Amino acid sequence: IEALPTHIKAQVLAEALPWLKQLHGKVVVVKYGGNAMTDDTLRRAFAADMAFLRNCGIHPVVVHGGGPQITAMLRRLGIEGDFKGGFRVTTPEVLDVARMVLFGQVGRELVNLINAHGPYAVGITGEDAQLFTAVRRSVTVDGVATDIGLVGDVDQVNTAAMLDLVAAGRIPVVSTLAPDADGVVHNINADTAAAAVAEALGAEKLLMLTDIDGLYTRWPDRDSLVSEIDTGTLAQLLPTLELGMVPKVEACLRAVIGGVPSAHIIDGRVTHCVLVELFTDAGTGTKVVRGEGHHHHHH
Amino acid sequence: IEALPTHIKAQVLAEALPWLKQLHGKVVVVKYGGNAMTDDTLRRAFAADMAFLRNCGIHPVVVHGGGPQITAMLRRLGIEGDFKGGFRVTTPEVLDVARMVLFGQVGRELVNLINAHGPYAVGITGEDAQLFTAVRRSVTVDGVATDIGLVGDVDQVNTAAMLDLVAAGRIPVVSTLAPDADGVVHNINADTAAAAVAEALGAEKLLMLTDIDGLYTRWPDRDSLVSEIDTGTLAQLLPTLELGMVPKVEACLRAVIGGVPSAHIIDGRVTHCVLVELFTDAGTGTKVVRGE
Amino acid sequence: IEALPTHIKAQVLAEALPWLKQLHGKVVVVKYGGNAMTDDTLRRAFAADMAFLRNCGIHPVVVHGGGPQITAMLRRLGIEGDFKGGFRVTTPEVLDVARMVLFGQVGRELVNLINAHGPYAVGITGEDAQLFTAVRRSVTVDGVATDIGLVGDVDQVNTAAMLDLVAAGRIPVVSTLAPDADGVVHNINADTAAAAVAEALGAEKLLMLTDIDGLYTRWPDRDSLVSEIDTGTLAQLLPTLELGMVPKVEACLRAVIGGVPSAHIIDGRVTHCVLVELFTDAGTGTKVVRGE
Amino acid sequence: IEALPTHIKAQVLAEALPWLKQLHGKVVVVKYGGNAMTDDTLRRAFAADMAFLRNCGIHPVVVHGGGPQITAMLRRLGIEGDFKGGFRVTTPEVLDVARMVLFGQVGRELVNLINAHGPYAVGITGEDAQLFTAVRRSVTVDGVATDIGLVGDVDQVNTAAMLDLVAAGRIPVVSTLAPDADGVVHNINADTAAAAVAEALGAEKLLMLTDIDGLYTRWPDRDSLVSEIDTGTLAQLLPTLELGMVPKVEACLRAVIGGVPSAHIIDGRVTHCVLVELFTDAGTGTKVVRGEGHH
Amino acid sequence: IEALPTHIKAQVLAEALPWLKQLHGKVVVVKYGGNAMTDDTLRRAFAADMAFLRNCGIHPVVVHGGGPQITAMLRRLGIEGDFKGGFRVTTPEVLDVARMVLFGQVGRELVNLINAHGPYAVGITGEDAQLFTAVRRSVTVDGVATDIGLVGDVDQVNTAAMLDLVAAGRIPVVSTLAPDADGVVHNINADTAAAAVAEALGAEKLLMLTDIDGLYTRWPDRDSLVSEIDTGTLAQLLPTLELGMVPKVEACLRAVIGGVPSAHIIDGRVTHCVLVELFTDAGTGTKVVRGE
Amino acid sequence: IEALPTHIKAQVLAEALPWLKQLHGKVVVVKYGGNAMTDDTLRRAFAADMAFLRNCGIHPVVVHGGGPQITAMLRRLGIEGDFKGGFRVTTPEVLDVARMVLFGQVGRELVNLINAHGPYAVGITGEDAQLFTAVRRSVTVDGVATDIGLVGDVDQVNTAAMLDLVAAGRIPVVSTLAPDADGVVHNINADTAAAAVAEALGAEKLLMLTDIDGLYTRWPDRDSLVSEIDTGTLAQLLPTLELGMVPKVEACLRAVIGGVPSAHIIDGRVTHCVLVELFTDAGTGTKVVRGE
Ligand SMILES: [Mg+2]
Ligand SMILES: [Mg+2]
Ligand code: NI
């Protein structure tokens with residue numbers, strides 16, 4: 001805590017060098033969500049960490065999400081959500097509420113928390129300066145022709161305009177909402193979006209906070225927790241996983257394969273989780289790396 | 001305009017030169033509000049105008065407000081107004097709704113409308129990168145010691161960071177919300193705020209859209225609106241009209257005095273009002289200039 | 001007349017946005033010539049139109065020529081032309097006079113007018129910093145190739161250094177005279193030369209002023225509104241156009257086919273013809289576009 | 001021309017170092033005129049020298065004049081003068097001929113000569129981008145007020161825009177013709193103009209070619225044909241000089257006092273005169289240093 | 001060591017934020033010497049720390065010294081020192097050996113150690129590009145003693161050229177040797193020199209490694225040594241000290257008074273001493289401030 | 001001589017224009033060594049020449065060597081050398097002395113000599129900022145297997161970082177010593193190294209000072225003295241050349257066959273040899289150009 005010998009405090013910082021050296025001047029996309037937003041002590045720690053990275057010469061890019069906040073508003077307002085299946089179905093009136101909450105509330109919280117350390121955080125959506133557009137998406141059953149609503153995926157990204165912000169020393173706080181070729185705003189999956197922007201900016205790393213200690217090869221058995229998994233194998237386990245990890249996983253795959261050296265799935269329930277995963281050799285969380293070939297499977 | 005002789009169209013476009021020359025490379029703060037937001041045809045025209053200025057080498061900076069939208073939400077949601085003689089009393093919870101509507105809704109509308117022409121508009125508040133801080137304010141009720149709530153005025157502004165945006169070719173869409181010293185976000189008067197940022201950025205002009213045709217030396221007599229007035233002369237007729245034109249006018253004062261060559265109070269009920277006031281000698285409103 | 005209602009002016013200006021967005025930040029080569037040089041109003045207008053584009057964020061590159069001025073100056077000097085197959089031959093003594101009238105007279109004219117609006121206009125020839133060279137020109141009189149003096153065509157262009165000028169906010173006024181591969185100055189044909197530099201700079205539009213009112217398929221005026229034709233239908237129309245406008249057309253054809261988006265053959269006899277052509281579509285001649 | 005032992009050539013070159021070092025990266029205004037323009041071998045040598053300076057990291061700015069060429073043209077056109085004091089009044093038309101000759105002919109010659117070595121020379125007047133404006137001038141004939149036409153002096157200069165050209169590696173060839181505050185272009189004295197732009201650009205030196213070997217207090221043989229001089233010492237010799245050397249001297253005055261470390265009045269009749277005056281200690285010309293030395 | 005739990009490890013890091021923020025983008029001059037150079041584990045740790053600072057956005061500037069190495073060489077070479085009462089006289093031959101050892105040996109060691117982490121370290125002296133000149137120094141013994149030889153103090157510094165190196169991401173390793181006004185190379189006191197360059201570059205901090213745990217108020221009192229002092233108090237305890245701390249002391253003075261917010265005198269015998277003094281609230285060493 | 005007439009002097013300076021024009025803004029690698037370092041008048045002239053090139057807009061890059069100085073030190077320090085086929089076998093203890101002398105002494109001399117004209121010269125090795133790495137090379141004694149110690153060739157070069165120095169107006173003085181893949185510094189052949197950096201920087205020329213007047217093709221016959229040999233033609237002489245020209249010549253091949261338009265082998269015993277070879281059409285020294 002504080003009664004720790006100085007000679008040991010230095011032995012901690014000193015060990016981070018190999019990491020500070022690997023991240024310096026590099027972009028790092030962090031997907032904020034889960035207990036990280038909920039718990040006060042956790043988020044306050046998250047904001048402090050972003051400042052840490054910023055004051056080390058690292059370029060953090062935060063991508064956050066909503067859901068509970070969005071549902072809370074839709075209820076508090078009284079919108080009777082329609083369910084064209086097993087999904088919420090994002091209708092126009094709903095999009096307005098989603099965007100309102102995500103950008104005007106959730107993101108605001110984060111920005112102010114970060115800026116408690118300096119003029120760093122700046123909130124933006126795909127709408128602002130058209131940082132990134134979206135393409136309408138839909139779900140299955142089997143005709144797959146089910147229109148879920150104004151939901152979509154990140155289509156294109158203006159990495160140029162984005163890398164300009166990190167250059168000015170700002171920490172962009174992204175709210176997954178982007179217009180399509182026609183101009184209508186669409187709500188995008190925070191996880192997938194984070195992966196998209198990660199690849200586009202040529203990020204050195206992609207972090208994703210979750211209320212889980214890692215990835216499970218077969219959920220029930222917690223002995224199936226992998227601290228590191230190679231791309232080829234993950235792509236083969238995808239069609240046999242939990243739906244809640246599919247976005248997290250696909251995001252990592254799209255990222256690590258799109259060029260992002262590695263993607264991490266850490267436990268956001270831990271205080272200063274980002275500092276631990278970046279400057280400590282703790283085998284906590286799941287690390288994804290590009291790896292194809294029978295040998296990556298055989299070993 | 002098709003049956004309008006070509007020799008006239010030319011004169012209209014030509015007569016713009018003297019103005020395009022005066023505004024080129026200069027910053028122009030425009031305060032959006034009133035029918036401008038309400039009417040669809042008007043706002044769509046407003047967005048097109050901002051693109052016009054942008055594609056002419058001019059640097060527009062939009063500052064918008066709420067109020068009706070904010071009240072609509074506070075009601076539609078359920079939040080009961082716990083008032084004070086004509087003031088809404090922005091409680092910590094009210095601020096949350098205000099900021100939510102202004103930034104996450106009102107501003108969004110504007111940004112998307114502008115960006116229908118290109119990657120121009122970008123929404124920001126005083127919160128983002130601490131573009132500008134605020135100082136808690138209080139209005140006149142009984143002796144004036146009334147803390148209406150989380151309301152304030154623009155204290156400091158990071159003109160540097162702002163001039164950086166206009167440099168990148170972006171059109172900033174500001175939502176009057178800035179953190180005080182301690183760091184708590186407040187709600188600022190769009191009109192006054194627009195005036196603050198105008199002066200800070202060394203803007204060539206400050207435009208303010210209103211549902212009124214001008215300034216009134218004699219109200220309601222109609223042939224007594226000044227086409228152009230000047231500082232000092234305004235301060236004399238300052239205490240004559242009502243409270244709705246006080247901030248507007250007071251804003252233009254703080255503006256011209258703070259360095260802004262001139263402030264304009266045009267009628268936002270007119271389609272393409274900004275184009276008329278900037279490239280047509282026909283003053284759509286009243287121009288305020290530094291007078292001796 | 002000023003009776004034009006304030007809402008009609010707004011419509012005019014507003015209707016120019018789609019074009020400002022298209023030309024902004026781009027290069028536009030204008031071939032100044034014809035009565036546009038002669039008439040005291042038209043010419044004074046052209047200078048304003050260039051200043052206009054310059055203050056809109058556009059990049060204008062004027063390319064002019066002499067002709068009537070040259071012959072005129074030769075008459076005063078008493079230099080009798082040495083014709084050969086209808087071609088006056090450019091003897092050294094003549095080249096000297098062209099460089100004088102073209103670069104020291106007609107060019108200074110434009111530069112000074114344009115510069116009444118600001119430090120924009122700057123006159124140059126291929127000789128200056130070797131911005132562009134010229135290749136000998138050979139023409140047949142009767143049976144075969146013959147030398148017609150010191151006449152040439154635009155060959156190499158330092159588009160890199162050329163684009164630097166417009167980037168510096170300067171309006172390059174070009175006098176079609178370029179050095180031979182061995183440094184022998186030549187007189188180039190403004191028309192063909194304009195189309196040449198237009199292509200070398202990779203410019204959006206090519207504006208060509210002419211003392212002729214229209215492109216003609218015959219003149220049962222109703223079928224003269226070729227407001228916009230395309231690059232192939234004009235090719236087949238080339239063996240049936242007026243004798244005074246074939247070069248204006250061949251120039252446009254070259255430019256567009258080469259890589260220039262659009263070519264406009266407007267009637268410079270119209271005050272503010274440039275403006276009318278760029279922000280309106282109201283009949284100023286033809287717009288040649290990529291077609292086939 | 002050969003037979004010169006290499007060990008000596010090296011000595012010659014090595015001696016330019018102190019000078020190359022003093023001029024490197026600095027601006028040097030050179031006033032072209034006289035036999036320099038007339039003689040073919042001389043001008044061809046002048047152009048080569050400008051290229052020399054350019055390829056050494058020096059920033060040469062050439063200012064030329066006319067007169068004989070201008071008069072030659074006016075005669076072919078029969079524009080006979082309206083002299084009113086030993087000089088021609090610059091009627092609006094005469095200006096047109098002057099500008100035509102200076103910019104469209106005299107300057108052209110120079111530019112092409114220089115560019116025979118590379119994309120260096122670029123011709124400009126005060127008209128282009130308003131590099132420098134002019135103020136109407138009027139020389140006292142019997143009283144004081146006597147307009148002599150569209151003649152003037154360099155008023156303001158856009159040193160910024162000018163220093164931009166030398167930055168791009170260009171050698172500006174200026175033709176003394178500038179616009180008036182009310183947009184009226186006049187004809188300016190090459191000598192005085194050269195001095196004006198020299199001071200404005202903060203030039204390290206100002207050279208002026210003449211058909212004279214130096215300055216003379218009086219007009220006979222040995223002694224008063226000086227080599228070094230300064231302010232005050234010249235100001236007193238001003239009213240004692242024929243008009244054939246008044247603007248020349250004043251040019252050096254307005255320049256040195258203006259800031260230019262030194263102004264030189266060399267003999268342009270010598271081949272490669274500029275190379276001799278800049279990289280050879282034998283200064284066969286009249287230099288003009290700061291007025292507080294030998295005061 | 002490694003058994004330390006995660007959270008306790010993260011906390012150590014987190015507690016560094018207030019410091020990384022204060023040093024980011026700032027220059028930090030570190031005077032290397034003593035056991036720091038001697039002990040292998042210590043220097044290897046020193047080099048790692050410089051890389052730490054470098055990879056955090058901090059700009060470290062290392063200034064080292066010799067003495068033992070210099071004396072070692074002078075002995076191997078068999079150069080009997082011509083002493084002057086407390087001082088060896090730096091004859092022209094001695095300077096050559098000094099410079100040879102300091103730049104070609106001592107500094108080399110450091111550079112290679114640093115660059116074991118990346119293309120960071122770059123060795124230079126006042127000689128290179130004339131980064132800084134020196135003025136002959138005379139240390140009078142009793143009343144007077146004149147020149148001890150080619151010894152001097154840092155006169156002028158080219159902070160511009162220096163700040164250029166830190167800009168390129170390089171970590172300059174300075175060897176205290178500068179040119180005379182006439183170009184005569186001199187040997188400068190590492191401590192004083194470090195202070196000179198510190199002030200010149202507008203360094204946020206000046207660190208000085210020593211084989212002592214702090215600054216002594218009453219030398220070998222132990223127990224109550226100074227934890228923090230300032231310009232006035234530190235300058236008043238000057239005439240009551242041993243020579244083995246005068247330069248280390250004057251340095252901190254010339255620095256802090258010069259503009260350096262604070263100078264530190266830490267114990268270089270501790271592994272990673274620089275990391276402890278910069279990112280740990282350990283009250284070791286001694287902090288010298290200006291005051292007010 | 002002052003006795004020489006001025007009309008001649010000019011002719012000399014003038015005749016250099018074609019050369020100044022060819023070298024302006026270009027890099028020129030000069031290998032310093034031999035009498036050039038020994039003789040005082042010669043080196044003082046060498047330093048003046050580098051300043052000449054620098055003050056002409058040329059970018060000189062000096063690469064020097066040792067050997068005699070290195071051997072001189074090894075002897076004074078009494079370090080017995082282990083030989084192999086006639087090689088010193090650079091052990092870790094010898095390398096330290098080599099680097100010490102080359103960088104901390106030989107190079108220092110040169111730098112200070114150059115900077116006697118201005119803040120130009122800056123000494124660096126492959127160690128600094130890792131400007132260039134080295135690869136262990138072994139010699140051949142009719143059985144290549146001869147690890148003659150820490151000797152190697154220039155492997156990679158950071159032309160970027162190097163071209164940055166010449167950009168700042170500095171004259172880099174290189175001491176052939178570079179890190180190994182693992183950081184083990186090695187001593188590199190000045191001649192070959194100079195050739196390596198020459199090619200890497202895209203140098204316009206490579207000069208090499210020697211105590212020989214030319215390139216005597218095949219053993220003593222003052223008649224067989226080339227003046228301008230070429231690749232291939234020269235290549236077929238290496239196996240039949242003295243050992244004192246093998247590294248020089250083998251270095252001139254990698255230079256021109258590597259990109260460098262031409263390499264020159266001049267006589268460094270001549271005062272101002274560099275000025276003669278670069279601005280005098282003297283046929284002294286041997287030139288090497290490309291030739292399939
Ligand atoms: Mg595996
Ligand atoms: Mg049309
Ligand atoms: Ni197996």
# chains A, B, ... in the order shown; residues from 1 in each chain; ligands from 1
$ residues_around --residues "range 157-172 of chain E" --least-positions-apart "3" --cutoff "10 Å" --atoms "only C-alpha atoms" --output "ChimeraX atom specification"
/E:25-27,29,50-51,53-55,57-63,111,114-115,118-126,129-134,154,175,196-202 /F:128-129,161,164,168
$ write_last_selection --atoms "N, CA and C atoms" --output "compact mmCIF listing (two decimals), in the first residue's frame"
# COMPACT_ATOMS: atom_id res chain seq x y z
N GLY E 25 7.35 16.30 -21.71
CA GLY E 25 7.72 17.34 -22.64
C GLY E 25 8.75 18.32 -22.11
N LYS E 26 9.19 18.10 -20.87
CA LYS E 26 10.17 18.98 -20.24
C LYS E 26 11.58 18.40 -20.30
N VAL E 27 12.57 19.28 -20.19
CA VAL E 27 13.97 18.86 -20.21
C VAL E 27 14.42 18.58 -18.78
N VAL E 29 18.09 17.74 -16.87
CA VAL E 29 19.54 17.54 -16.91
C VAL E 29 19.97 16.66 -15.75
N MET E 50 17.27 6.37 -18.13
CA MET E 50 17.27 7.41 -19.16
C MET E 50 16.31 7.00 -20.27
N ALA E 51 16.27 5.71 -20.56
CA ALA E 51 15.38 5.18 -21.60
C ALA E 51 13.94 5.31 -21.12
N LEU E 53 12.68 7.63 -19.04
CA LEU E 53 12.32 9.03 -19.22
C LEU E 53 12.05 9.34 -20.69
N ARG E 54 12.92 8.84 -21.56
CA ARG E 54 12.80 9.06 -22.99
C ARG E 54 11.50 8.48 -23.53
N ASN E 55 11.16 7.28 -23.08
CA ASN E 55 9.94 6.61 -23.53
C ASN E 55 8.69 7.04 -22.77
N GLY E 57 8.15 10.59 -22.83
CA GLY E 57 7.96 11.91 -23.40
C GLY E 57 8.78 12.96 -22.69
N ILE E 58 9.71 12.51 -21.85
CA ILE E 58 10.57 13.41 -21.10
C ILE E 58 11.86 13.60 -21.91
N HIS E 59 12.53 14.73 -21.74
CA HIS E 59 13.75 14.99 -22.48
C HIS E 59 14.98 15.04 -21.58
N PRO E 60 15.64 13.88 -21.38
CA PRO E 60 16.83 13.81 -20.54
C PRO E 60 18.10 14.27 -21.25
N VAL E 61 18.93 15.00 -20.52
CA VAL E 61 20.20 15.49 -21.04
C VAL E 61 21.26 15.11 -20.02
N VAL E 62 22.09 14.14 -20.37
CA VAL E 62 23.12 13.66 -19.47
C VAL E 62 24.45 14.40 -19.58
N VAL E 63 24.99 14.77 -18.43
CA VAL E 63 26.28 15.46 -18.35
C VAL E 63 27.12 14.60 -17.41
N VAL E 111 26.92 6.09 -23.74
CA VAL E 111 26.14 6.07 -24.97
C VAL E 111 25.71 4.66 -25.35
N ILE E 114 23.08 3.26 -23.02
CA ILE E 114 21.77 3.84 -23.27
C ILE E 114 21.17 3.24 -24.55
N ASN E 115 21.95 3.27 -25.62
CA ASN E 115 21.50 2.75 -26.91
C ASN E 115 21.26 1.25 -26.93
N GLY E 118 17.70 1.60 -27.57
CA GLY E 118 17.25 2.25 -28.79
C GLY E 118 18.20 3.33 -29.27
N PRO E 119 18.00 3.88 -30.48
CA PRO E 119 18.85 4.93 -31.05
C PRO E 119 18.61 6.25 -30.33
N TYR E 120 18.97 6.29 -29.05
CA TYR E 120 18.75 7.48 -28.23
C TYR E 120 19.99 8.33 -27.96
N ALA E 121 20.91 7.80 -27.16
CA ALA E 121 22.12 8.50 -26.78
C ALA E 121 23.03 8.96 -27.92
N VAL E 122 23.52 10.19 -27.78
CA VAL E 122 24.43 10.80 -28.75
C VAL E 122 25.44 11.64 -27.97
N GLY E 123 26.72 11.32 -28.13
CA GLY E 123 27.75 12.05 -27.42
C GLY E 123 28.22 13.32 -28.09
N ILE E 124 28.40 14.37 -27.29
CA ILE E 124 28.86 15.67 -27.79
C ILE E 124 29.61 16.43 -26.71
N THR E 125 30.40 17.40 -27.15
CA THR E 125 31.17 18.26 -26.25
C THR E 125 30.86 19.68 -26.70
N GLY E 126 31.42 20.66 -26.00
CA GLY E 126 31.18 22.04 -26.38
C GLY E 126 31.82 22.34 -27.73
N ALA E 129 29.83 21.67 -33.12
CA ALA E 129 28.92 22.73 -33.52
C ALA E 129 28.95 23.89 -32.53
N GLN E 130 30.00 23.95 -31.72
CA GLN E 130 30.13 25.02 -30.73
C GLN E 130 28.90 25.11 -29.85
N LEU E 131 28.43 23.97 -29.36
CA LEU E 131 27.25 23.92 -28.51
C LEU E 131 27.37 24.86 -27.31
N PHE E 132 28.58 25.00 -26.79
CA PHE E 132 28.82 25.90 -25.67
C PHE E 132 30.31 26.20 -25.52
N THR E 133 30.61 27.48 -25.33
CA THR E 133 31.98 27.94 -25.18
C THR E 133 32.37 27.99 -23.71
N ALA E 134 33.65 28.20 -23.45
CA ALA E 134 34.15 28.27 -22.09
C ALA E 134 35.05 29.48 -21.87
N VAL E 154 31.54 27.17 -18.11
CA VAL E 154 30.68 27.30 -19.28
C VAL E 154 30.29 28.77 -19.43
N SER E 175 30.15 15.77 -22.63
CA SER E 175 31.46 15.61 -22.02
C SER E 175 32.00 17.02 -21.85
N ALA E 196 24.96 24.88 -15.77
CA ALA E 196 24.92 25.87 -16.83
C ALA E 196 23.94 25.48 -17.93
N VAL E 197 24.14 24.30 -18.50
CA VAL E 197 23.26 23.81 -19.57
C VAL E 197 21.83 23.64 -19.07
N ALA E 198 21.68 23.31 -17.80
CA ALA E 198 20.36 23.12 -17.21
C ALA E 198 19.56 24.41 -17.33
N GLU E 199 20.15 25.50 -16.86
CA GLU E 199 19.52 26.81 -16.91
C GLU E 199 19.27 27.27 -18.35
N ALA E 200 20.28 27.11 -19.19
CA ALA E 200 20.20 27.52 -20.59
C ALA E 200 19.04 26.86 -21.35
N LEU E 201 18.83 25.57 -21.11
CA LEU E 201 17.77 24.83 -21.78
C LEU E 201 16.41 25.02 -21.11
N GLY E 202 16.39 25.73 -19.99
CA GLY E 202 15.14 25.94 -19.28
C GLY E 202 14.63 24.60 -18.79
N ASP F 128 26.71 6.69 -32.13
CA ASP F 128 25.77 7.77 -31.87
C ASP F 128 24.48 7.63 -32.66
N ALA F 129 23.37 7.51 -31.94
CA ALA F 129 22.06 7.37 -32.56
C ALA F 129 22.03 6.22 -33.56
N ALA F 161 18.82 10.08 -40.80
CA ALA F 161 19.41 10.80 -39.68
C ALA F 161 20.65 11.58 -40.11
N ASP F 164 19.97 14.66 -42.12
CA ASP F 164 19.37 15.64 -41.23
C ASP F 164 20.45 16.60 -40.74
N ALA F 168 20.97 20.75 -41.28
CA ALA F 168 21.11 21.78 -40.25
C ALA F 168 22.35 22.64 -40.50
$ residues_around --residues "residue 102 in chain C" --least-positions-apart "4" --cutoff "8 Å" --atoms "only C-alpha atoms" --output "PyMOL selection string"
(chain C and resi 65-66+70+98+106-107+175) or (chain D and resi 104)
$ residues_around --residues "residue 151 in chain D" --least-positions-apart "3" --cutoff "12 Å" --atoms "only C-alpha atoms" --output "number ranges by chain"
D: 87-92, 94-95, 98-99, 134-139, 146-148, 154, 176-180, 184-190, 193
$ write_last_selection --atoms "N, CA and C atoms" --output "compact mmCIF listing (two decimals), in the first residue's frame"
# COMPACT_ATOMS: atom_id res chain seq x y z
N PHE D 87 14.75 67.92 -68.92
CA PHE D 87 14.22 66.57 -68.82
C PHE D 87 12.84 66.43 -69.43
N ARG D 88 12.49 65.20 -69.78
CA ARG D 88 11.20 64.94 -70.37
C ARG D 88 10.20 64.63 -69.27
N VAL D 89 9.01 65.19 -69.42
CA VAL D 89 7.92 64.99 -68.49
C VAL D 89 7.35 63.63 -68.89
N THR D 90 7.11 62.76 -67.92
CA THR D 90 6.58 61.44 -68.24
C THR D 90 5.08 61.47 -68.50
N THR D 91 4.70 61.84 -69.72
CA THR D 91 3.30 61.89 -70.09
C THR D 91 2.77 60.47 -69.95
N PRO D 92 1.47 60.31 -69.66
CA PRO D 92 0.89 58.98 -69.51
C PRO D 92 1.28 57.99 -70.61
N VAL D 94 4.19 58.11 -72.58
CA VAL D 94 5.61 57.79 -72.49
C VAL D 94 5.83 56.65 -71.51
N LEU D 95 5.08 56.67 -70.41
CA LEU D 95 5.18 55.63 -69.40
C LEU D 95 4.94 54.27 -70.04
N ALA D 98 7.95 53.26 -71.84
CA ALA D 98 9.00 52.97 -70.88
C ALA D 98 8.81 51.57 -70.31
N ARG D 99 7.65 51.35 -69.70
CA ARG D 99 7.32 50.06 -69.10
C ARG D 99 7.43 48.93 -70.12
N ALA D 134 5.04 53.30 -55.26
CA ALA D 134 5.82 54.49 -55.54
C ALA D 134 5.06 55.76 -55.18
N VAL D 135 5.81 56.83 -54.96
CA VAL D 135 5.25 58.13 -54.62
C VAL D 135 5.72 59.13 -55.67
N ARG D 136 4.76 59.83 -56.28
CA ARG D 136 5.06 60.82 -57.30
C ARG D 136 6.19 61.74 -56.84
N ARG D 137 7.16 61.95 -57.73
CA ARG D 137 8.31 62.80 -57.44
C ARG D 137 8.33 64.00 -58.38
N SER D 138 9.01 65.05 -57.96
CA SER D 138 9.13 66.26 -58.76
C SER D 138 10.38 67.04 -58.39
N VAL D 139 11.32 67.06 -59.33
CA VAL D 139 12.61 67.72 -59.19
C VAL D 139 12.51 69.24 -59.36
N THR D 146 7.40 71.68 -59.86
CA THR D 146 7.42 71.48 -61.30
C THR D 146 7.25 69.98 -61.51
N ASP D 147 6.05 69.61 -61.93
CA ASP D 147 5.73 68.21 -62.18
C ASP D 147 6.47 67.78 -63.43
N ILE D 148 7.11 66.61 -63.36
CA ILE D 148 7.85 66.11 -64.50
C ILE D 148 7.25 64.78 -64.96
N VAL D 154 10.63 54.93 -54.78
CA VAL D 154 10.11 53.74 -54.12
C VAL D 154 9.61 54.14 -52.73
N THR D 176 12.28 48.80 -62.51
CA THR D 176 11.80 49.95 -61.75
C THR D 176 10.52 50.64 -62.23
N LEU D 177 9.39 50.04 -61.91
CA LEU D 177 8.07 50.57 -62.27
C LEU D 177 7.15 50.16 -61.12
N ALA D 178 6.68 51.13 -60.34
CA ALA D 178 5.82 50.83 -59.20
C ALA D 178 4.49 51.59 -59.20
N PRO D 179 3.48 51.04 -58.51
CA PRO D 179 2.16 51.67 -58.43
C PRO D 179 2.08 52.73 -57.33
N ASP D 180 1.24 53.74 -57.55
CA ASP D 180 1.05 54.81 -56.59
C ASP D 180 -0.08 54.41 -55.64
N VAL D 184 -1.52 54.26 -59.34
CA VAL D 184 -0.92 54.86 -60.52
C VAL D 184 0.55 54.50 -60.64
N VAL D 185 0.86 53.62 -61.59
CA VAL D 185 2.23 53.17 -61.81
C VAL D 185 3.11 54.26 -62.43
N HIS D 186 4.26 54.50 -61.81
CA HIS D 186 5.22 55.50 -62.27
C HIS D 186 6.51 54.79 -62.69
N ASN D 187 7.46 55.57 -63.22
CA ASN D 187 8.76 55.04 -63.62
C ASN D 187 9.73 55.51 -62.53
N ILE D 188 10.49 54.58 -61.98
CA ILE D 188 11.42 54.92 -60.91
C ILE D 188 12.88 54.84 -61.30
N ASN D 189 13.69 55.69 -60.67
CA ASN D 189 15.13 55.72 -60.93
C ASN D 189 15.75 54.41 -60.48
N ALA D 190 16.34 53.69 -61.43
CA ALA D 190 16.96 52.40 -61.14
C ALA D 190 17.91 52.48 -59.95
N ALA D 193 15.95 53.20 -56.67
CA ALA D 193 15.11 52.03 -56.41
C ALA D 193 15.96 50.88 -55.88
$ residues_near_ligand --ligand "ligand 1" --cutoff "9 Å" --atoms "only C-alpha atoms and all ligand atoms" --output "PyMOL selection string"
chain A and resi 228-233+291+295-299
